[PDB]
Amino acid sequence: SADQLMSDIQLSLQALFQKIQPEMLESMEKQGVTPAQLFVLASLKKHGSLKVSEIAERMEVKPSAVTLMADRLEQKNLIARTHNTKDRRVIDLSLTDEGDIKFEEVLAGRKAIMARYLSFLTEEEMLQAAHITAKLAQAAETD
């Protein structure tokens, strides 16, 4: 009965979120980074280098919004700006050593929080959860 099943899940997800979101936010605030800054750091760990216009695009915000995130990060010495080799006028971002370390400290913090919940799963359920979340995340990236 799909509708009861959706109500069960919604209630489950809503309780997990209210419980996990504050913990994530509090851990971030202590490491000094916001969700948007974390998003930039993660995009740069994955892609190595990105144009300011590329990050703006993925985040669906104005180039100027990213430039302010970049200012905050550069001031904390977590990223560097360089001129693009194809067009000197366009700005590339990349991680510094210190930014790589900061992205890793934040992520490990997030992992440790999640794993307190996930550790109540049996091995069968862990494997199921790996597969379902990966499949949902794949289908969602394709839009």
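When you see a residue number, it is the position in the sequence shown, counting from 1.
For the pair 91-99 and 23-31, the record assigns the higher mean C-alpha temperature factor to 23-31. Comparing the deposited coordinates for 119-127 and 6-14, the stretch with the larger average C-alpha B-factor is 6-14.
Per the deposited record, the Cα B-factor of residue 52 falls in the middle third when ranked against the other modelled residues of its chain. Sorting the modelled residues of the chain by their CA temperature factor places residue 77 in the middle third. Residue 59 sits in the highest third of its chain by CA B factor, as recorded in the PDB entry.
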